[PDB]
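These are the residues of each chain, in order.
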Amino acid sequence: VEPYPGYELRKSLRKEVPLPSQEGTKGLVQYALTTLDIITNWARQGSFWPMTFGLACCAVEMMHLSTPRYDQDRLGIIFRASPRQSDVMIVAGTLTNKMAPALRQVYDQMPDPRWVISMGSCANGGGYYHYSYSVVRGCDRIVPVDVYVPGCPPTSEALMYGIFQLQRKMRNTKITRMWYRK
Amino acid sequence: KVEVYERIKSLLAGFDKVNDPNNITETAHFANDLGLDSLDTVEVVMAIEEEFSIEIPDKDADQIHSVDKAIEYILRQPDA
Amino acid sequence: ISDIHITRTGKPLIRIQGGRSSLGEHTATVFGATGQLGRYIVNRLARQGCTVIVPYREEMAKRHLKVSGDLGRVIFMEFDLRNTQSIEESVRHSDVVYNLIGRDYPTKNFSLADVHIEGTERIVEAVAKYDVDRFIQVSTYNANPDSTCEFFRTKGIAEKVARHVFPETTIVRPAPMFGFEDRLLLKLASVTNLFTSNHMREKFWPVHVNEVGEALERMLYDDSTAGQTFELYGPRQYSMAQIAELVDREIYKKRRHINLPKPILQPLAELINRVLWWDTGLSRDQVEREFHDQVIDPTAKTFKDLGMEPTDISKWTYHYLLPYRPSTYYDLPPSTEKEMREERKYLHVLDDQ
Amino acid sequence: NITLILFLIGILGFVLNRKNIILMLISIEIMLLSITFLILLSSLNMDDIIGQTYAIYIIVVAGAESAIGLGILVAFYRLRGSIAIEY
Amino acid sequence: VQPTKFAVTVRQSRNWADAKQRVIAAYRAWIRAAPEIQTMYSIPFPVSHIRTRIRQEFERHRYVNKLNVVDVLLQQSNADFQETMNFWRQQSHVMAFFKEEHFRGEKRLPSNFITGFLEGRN
Amino acid sequence: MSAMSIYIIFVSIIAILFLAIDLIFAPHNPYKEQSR
Ligand SMILES: NC(=O)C1=CN([C@@H]2O[C@H](COP(=O)(O)OP(=O)(O)OC[C@H]3O[C@@H](n4cnc5c(N)ncnc54)[C@H](OP(=O)(O)O)[C@@H]3O)[C@@H](O)[C@H]2O)C=CC1
Ligand SMILES: *P(=O)(O)OCC(C)(C)[C@H](O)C(=O)NCCC(=O)NCCSC(=O)CCCCCCCCCCCCC
Ligand SMILES: CCCCCCCCCCCCO[C@@H]1O[C@H](CO)[C@@H](O[C@H]2O[C@H](CO)[C@@H](O)[C@H](O)[C@H]2O)[C@H](O)[C@H]1O
Ligand code: SF4
């Protein structure tokens, strides 16, 4: 019995494509799509506009990222009020059950591409109020998260460090080079 | 007056908590005749209320215990 | 439903049946999890305490799947349908492996042959390489090894190779699925310029993705579903034109139907698919799919065998089309005399502000 | 010839209107734009500046009727709550 | 309703004739409101299912023979009515009152002894 | 031709082009989803 005539001989020879992380780059078409990515990633990095949910104290430390000692503007960061104008959501503060429907509504309004930063112990996993009836134990029970910044509160350098991790994640985002492999 | 009975009459026909159809008369009492309960009354009058597109007040709805009383309230309301 | 599961290989699982923090103790690998169906099978296992291995091609796409599970439950693996090591190491720990991978069109990197055959080959060979207990292959309705449709052909041939090497394969042949984020109702909802060549006269038995997602859970939970073929479909016969008028009856949308004959449409269909980089919804093989009608396999098990009732699509159109309902104060009906009188008890202008 | 056609449009706005008291406001201004436009094109033909000036004063009276017209329509709406004509 | 649209000053029932009058007026308002609750909260249920389910929540306390217990049960209703008629409750709170939109469903206790034994207490 | 004409057309071309980058290159999700 045979499933289809070509089997038992076709399986002997098959090609092995390395995974995208280990993929190289070679060819005119490949370079060209790669350039399109680097430029696109350069602008997703240079203009970094965060929508923010200052729920509690970690927002104070996010305000000290806008002050003269650490200025966000010098790196291109501009906090926008609207989700439509934004790139990344920074959940900074304790998420409560009453606040969670509005977190999901605001995230649902973010045009793609979307990134979320969870800032602080309270948003990361509940923190001091983890064993409470009113607190969501982590904002990732509500939305997807891309970077977690530790601390109660993280220092302003720490939140900057988290933005650089995210900026690096975008620099490694293949947009037109993934569409090419499939 | 014939219509305000006809629309009400068919309404209680589909109402399940009515013990049995054909007990509906011009003077049928919600508790004694139809065997409808205190909270089955409100449900009925609400159907009475909505079908004729009018809002029954509490001061008046507590009075709607028999079909004839329901009729005389709907006639008094100019809109229908 | 039971707290003990002896897997087909023989090891016992002692599950605690609760929610996110519970112990489902099933390890799952879902191939094809980033599409529209896979998010229902993934969420159903994860939200009851099971590990789900989710192989993915794109990083961004997979992100919505992690929310459904607690820490250590949704594991993501970077995989390629032509890298066997990625497939091998995705299924070495799995109890059940699912295969939902499938396109409706050829790409510059995959012919319906490459996807449905060379991937099912490459994947089921790994299932057989590690003695995985249950392997569930989602095929298509109208799958048939000798068909003019490459979709019905190549997906029908995969069903052959699935049991040639893994005789204990569940086959699942779902009807065109519908619901949230589908290509059935959302197509009729969203597109405006629509091309066909068979007068939208396809007849089939539309089924809700949500029962399909729930059904795939129960094939894991019943050991008796192992080794037989299922035919999941809804309760009523429908035609595309009858389906569209339901979309029409809810949303009040005007769309252009072009309905160009098959000889002048199919050769053109290949061209558009060969130069446009997105799913344009019409391609050469997709147009041929228009001429067939769904034929229900009489020897295949159905929803009832899984204790389930399908629902029709008419009971759901208002739900899944309500977001697409432009209703402002303009489109409201002309007012009645009773309410026109009510307006005379208000002042409609503020003359002191 | 364009001046006469655009005059018809204003007339026909009165022919097709059973409910829009706003289109009656609009078509009066389309009719004024015809007559001003005709005066202007004949002024270019005769090398006369008085036709230009007469257009200017038509434009100024036209704006003033809009103020009086929208002002009266506001006074009506405050007590009515509707610009609609029951028919 | 001075501070808010559906506010009712906290009142203490004077006697059973008064207390039953208030219960019936509470039930009347709720079942009147069911069409308005079903569009705002986009409840994928018939208005009849909503009304029959509202009835169950009054049917639970039909045998209370304490007048001090009725007033707290009436105040709870009035407050629930106010937060539902003002769009303050989220669709998630409202359609979570229906105990069949659990992924385990309405059937969440074991039916009898044996079925709960084979499933480990459900 | 006159200069004022070429100037409006030029601005018109630039205004169209910024549409083209948006409509060509930006992603496009099909899903686009009463008081007095
Ligand atoms: N939905 C329907 O109406 C019906 C569908 N089916 C079949 O059911 C299955 C699931 O349905 P549905 O969720 O709608 O499918 P989708 O097209 O929405 O998703 C298919 C999945 O397969 C993956 N995939 C496709 N091609 C490849 C490839 N060459 N290599 C690797 N991964 C690939 C996709 O990943 P990626 O997004 O990265 O491409 C995606 O996760 C498919 O086989 C489908 O054909 C059967 C009958 C009807
Ligand atoms: P009939 O004379 O037979 O019965 C009348 C009553 C019931 C008054 C009895 O005679 C009686 O005396 N019973 C005891 C008094 C009583 O009923 N106490 C409690 C009254 S308040 C109450 O029951 C409140 C119930 C809940 C209110 C909210 C219901 C709806 C909430 C959810 C809606 C759907 C989601 C938004
Ligand atoms: C005015 C000058 C002439 C016009 C110039 C601009 C032309 C614009 C059209 C060509 C580019 C279309 O842009 C592209 O559209 C398609 C279809 O909507 C989108 O495609 C998206 O939705 C479709 C819906 O069928 C999905 O099947 C597809 O997988 C998805 O990627 C792309 O996300 C978008 O990037
Ligand atoms: S993590 Fe600490 S600083 Fe941040 S909101 Fe919570 S308690 Fe405040």
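Procedures and definitions
Residues numbered from 1 in each chain as written, not as in the entry; some residues may be left out. Chains lettered and ligands numbered in written order. Part of a larger assembly, values for the part shown. Heavy atoms only, no water. Residues with missing side-chain atoms left out of burial classes, pairs and counts. Helix = DSSP H or I, 4+ residues; strand = E, 2+ residues; numbered from the N terminus. Expected span 1.5 Å × (residues − 1). Contact = heavy atoms within 4.5 Å. Nonpolar A, V, L, I, M, F, W, Y, C, P; charged D, E, K, R; others polar. Buried < 20%, exposed > 50% of the residue type's maximum accessible area, 1.4 Å probe, protein only. Pairing = 2+ DSSP bridges. Near = heavy atom within 4 Å. Polar contact = N/O pair within 3.5 Å; in protein donor to acceptor, adjacent residues only side chain to side chain. Areas by Shrake-Rupley, 256 points an atom, 1.4 Å probe, with all protein chains shown as cover. Axes fitted to C-alpha atoms, helices over the stretch in contact; angles between N-to-C directions. Parallel < 35°, antiparallel > 145°, perpendicular 65-115°, else oblique. Left-handed = near helix turned anticlockwise from the far one by under 90°. 1 Å grid on protein atoms, 1.4 Å probe; cavity = no way out; pocket = protein on both sides within 12 Å on 5 of 7 lines; lining within 4 Å. Points joined across faces, edges and corners; volume = space filled by probe spheres on them. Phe/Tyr/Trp six-rings, centres within 6.5 Å; stacked < 30°, edge-to-face > 60°. Salt bridge = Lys/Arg side-chain N within 4 Å of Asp/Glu carboxyl O. Core = buried A, V, L, I, M, F, W, Y, C linked by side-chain atoms within 4.5 Å. Right-handed = clockwise from strand over helix to strand, strands pointing away.

For this deposition, the record names cryo-EM as the technique by which the model was determined and cites 2.77 Å as its resolution.

> Hey, could you go over helix α2 (residues 38-51) of chain B for me, with residue numbers and the actual values?
For α2 of chain B, which comprises 14 residues, the first-to-last C-alpha distance of 20 Å matches the rise-based estimate of 20 Å (1.5 Å per residue) to within 8%. Note on α2 of chain B: the residue one or two positions beyond its end, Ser-53 of chain B, has a positive phi of about 55°.

> Provide a residue-level description of the interface of chain C and chain F, including the pertinent values.
The partner chain F presents 7 residues to the 9 residues of chain C that form the contact. Grouping the amino acids of the side of chain C that touches chain F by side-chain chemistry returns 5 nonpolar, 3 polar and 1 charged.

> Got a sec to walk through the interface of chain A and chain C? Specific residues and values, please.
Contacts between the two partners involve 26 residues from chain A, matched on the other side by 27 residues from chain C. Here the side of chain A that touches chain C gets 4 residues from one element, more than from any other, and that element is helix α6 (residues 178-181) of chain A. Considered class by class, the residues forming the side of chain A that touches chain C number 15 nonpolar, 2 polar and 9 charged.

> Talk me through the pairing of strand β13 (residues 229-232) of chain C; I want residue IDs and the actual numbers.
Residues and elements named next belong to chain C. Across the two faces of β13 the burial is the same, with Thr-229 and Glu-231 and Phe-230 and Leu-232 all buried. As judged from the 4 bridges shared by strand β8 (residues 169-174) and β13, these two strands associate in the parallel manner. Each residue of the ladder has a partner; that of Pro-174, found in β13, is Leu-232.

> Go over unusual backbone geometry, please, and point to the residues and values.
The omega angle of the peptide bond from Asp-112 of chain A to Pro-113 of chain A is -5°, so this bond is cis rather than trans. Put simply, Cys-152 of chain A and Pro-153 of chain A share a cis peptide bond, and its omega is 0°. By the secondary structure assignment, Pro-153 of chain A is in the loop between β4 (147-149) and α5 (156-171). Of note, the phi angle at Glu-25 of chain C is positive, near 70°, even though the residue is not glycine. Checked against the element boundaries, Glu-25 of chain C lands in the loop between β2 (12-14) and β3 (27-31). Looking at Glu-25 of chain C, the relative accessible area reads 39%, which means it is partly exposed. Positive phi is not limited to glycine here, since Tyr-252 of chain C has a value of about 60°. Counting through the fold element by element, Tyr-252 of chain C comes out in the loop between α7 (240-251) and β15 (256-257).

> Lay out the site of ligand 2 in plain terms, naming residues and giving numbers.
Ligand 2 sits among 18 residues. The nearest are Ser-38 of chain B together with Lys-20, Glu-57, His-61 and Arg-62 of chain E. Residues within reach of ligand 2 are spread across chains B and E. Here an oxygen atom of ligand 2 and a side-chain polar atom of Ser-38 of chain B are 2.5 Å apart. Interatomic distance of 3.3 Å between a side-chain N/O atom of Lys-20 of chain E and an oxygen atom of ligand 2. Relative to its free-state accessible area of 870 Å², ligand 2 is covered by the protein chains to the extent of 89%. Elements that contribute at least two residues to the shell around ligand 2 include exactly α1 (16-40), α2 (47-59) and α3 (67-85) of chain E. Among the residues forming the shell around ligand 2, the class breakdown is 10 nonpolar, 4 polar and 4 charged.

> Describe the packing of helix α1 (residues 28-46) of chain A against α5 of chain A, listing the residues and the values that go with them.
Residue and element names in this part refer to chain A. For the pair α1 and α5, the least separation of the axes is 9 Å and the interaxial angle reads 165°. The angle between α1 and α5 places the two elements in the roughly antiparallel class. Considering only the axes of α1 and α5, their crossing is right-handed. Across from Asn-41, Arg-44 and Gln-45 in α1, the residues of α5 making contact are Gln-167, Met-170 and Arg-171.

> Mind laying out the sheet that holds strand β7 (residues 134-138) of chain C, listing which residues take part and the relevant values?
Residue and element names in this part refer to chain C. The strand order across the open sheet formed by 7 strands is β5-β4-β3-β6-β7-β8-β13, and the pairing between neighbours is parallel. Single-partner strands in this sheet number two, and they are β5 (74-78) and β13. Neighbour-to-neighbour, the strand axes of this sheet turn through a mean angle of 20°, independent of strand direction. Pairing analysis gives 3 bridges linking β3 to strand β4 (residues 51-56), with the strands arranged parallel. Residue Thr-29 lies in a different strand from β4, and its bridge partner there is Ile-53. Taken strand by strand, helix α3 (residues 112-129) contacts β3, β6 (96-99) and β7, and its axis lies near 165° from that of β7.

> So, the arrangement of the chains: which residues are in play, and what are the values?
With 8 pairs of chains in contact, the largest contact count belongs to chains A and C. Left apart from each other, chain D and chain E have a closest C-alpha approach of 24 Å. One thing to see here is that chain B and chain F don't touch, and their nearest C-alpha atoms sit 21 Å from each other.

> Can you break down empty space enclosed by the protein residue by residue, with the values?
All names here are of chain C. Considering only enclosed or pocket space, the second largest cavity measures out at about 50 Å³ in volume. Every residue lining the second largest cavity is listed: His-5, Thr-7, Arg-8, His-26, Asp-95, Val-96, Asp-133, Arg-134, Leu-220 and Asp-223. Residues belonging to the lining of the second largest cavity are distributed by class as follows: 2 nonpolar, 3 polar and 5 charged.

> Can you explain the packing of aromatic side chains? Please cite residues and give values.
Residues and elements named next belong to chain C. Taken as a whole and assessed by the stated rule, the structure comprises 16 aromatic pairs over all chains. For the ring pair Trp-205 and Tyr-233, a centre distance of 5.8 Å and an interplane angle of 55° mean the geometry is tilted. Taken together, the residues span a long stretch of sequence, with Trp-205 in the loop between β11 (203-204) and β12 (207-208) and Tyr-233 in the loop between β13 and β14 (238-239) at a distance of 28 residues. For the pair formed by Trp-205 and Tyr-233, the shared burial category is buried.

> Report on the site of ligand 4, specifying residues and quantitative values.
Residue and element names in this part refer to chain A. All residues in the neighbourhood of ligand 4 are listed as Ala-56, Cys-57, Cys-58, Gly-93, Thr-94, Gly-120, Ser-121, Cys-122, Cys-152 and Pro-153. Considering every element that reaches the shell around ligand 4, the biggest residue donor is helix α4 (residues 120-125), with 3 residues. Split into classes, the residues belonging to the shell around ligand 4 amount to 6 nonpolar, 4 polar and no charged.

> Which residues make up the environment of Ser-10 of chain B, and what values go with them?
Mapped onto the fold, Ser-10 of chain B is located in helix α1 (residues 2-14). The class for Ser-10 of chain B is partly exposed, based on a relative accessible area of 47%.

> If you had to explain the pattern of salt bridges to someone new, which residues and values would you point to?
Opposite charge on two side chains permits them to pair, given that their charged atoms come into close proximity. This structure, assessed with the given rule, holds 44 salt bridges over all chains. For the salt bridge of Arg-173 of chain C with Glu-159 of chain C, the shortest nitrogen-to-oxygen distance reads 2.7 Å. Separated by 14 residues along the polypeptide, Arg-173 of chain C in strand β8 and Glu-159 of chain C in helix α4 (residues 150-165) bring together distant segments of the chain. The two residues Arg-173 of chain C and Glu-159 of chain C agree in class, both being buried. Between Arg-89 of chain E and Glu-83 of chain E there is a salt bridge, with the nearest N and O atoms lying 3.2 Å from each other. On the accessibility criterion, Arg-89 of chain E (11% relative accessible area) is buried. Assessed through its relative accessible area of 28%, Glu-83 of chain E is described here as partly exposed.

> Kindly report on the nonpolar core, identifying the contributing residues and their values.
By size, the foremost hydrophobic cluster in this structure holds 38 residues, and its most contacted members are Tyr-98, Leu-216 and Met-219 of chain C. For this core, the secondary-structure elements that each account for two or more residues are β3, α1 (38-46), β4, β5, β6, β7, α6 (209-221) and β13 of chain C. Sorting elements by how many residues they give to this core places α6 of chain C first, with 6 residues. Residues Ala-19, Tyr-27, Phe-58 and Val-94 of chain E belong to the second largest nonpolar core, which totals 24 residues.

> Explain the packing of α2 of chain B against α1 of chain E residue by residue, including any values.
Contact geometry for α2 of chain B and α1 of chain E: axes closest at 10 Å, N-to-C directions at 40°. In terms of orientation, α2 of chain B and α1 of chain E fall into the oblique class. Like other packed secondary-structure pairs, α2 of chain B and α1 of chain E cross with a definite hand, here right-handed. The segment α2 of chain B lies against α1 of chain E, with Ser-38, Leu-39, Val-42, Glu-43 and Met-46 of chain B engaging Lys-20, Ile-24, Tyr-27, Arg-28, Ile-31 and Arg-32 of chain E.

> So what's going on with the pairing of strand β1 (residues 50-54) of chain A? Residues and values would help.
Side-chain positions along a regular strand alternate between the two faces of the sheet. Residue and element names in this part refer to chain A. The pairing of β1 with strand β2 (residues 88-92) spans 5 bridges and is classified as parallel. Residue pairing for β2: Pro-50 is matched across the bridge by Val-88. Tracing the backbone out of β1, into helix α2 (residues 58-63) and back to the parallel element β2 gives a crossover that is left-handed.

> Go over the side chain of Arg-114 of chain A, please, and point to the residues and values.
Counting through the fold element by element, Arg-114 of chain A comes out in the loop between α3 (100-108) and β3 (115-119). A polar contact of 3.1 Å, which involves the side chain of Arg-114 of chain A, links it to the backbone oxygen of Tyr-107 of chain A. Here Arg-114 of chain A is in contact with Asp-87, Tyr-107, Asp-108 and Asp-146 of chain A together with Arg-63 of chain C, once residues within four sequence places are set aside.

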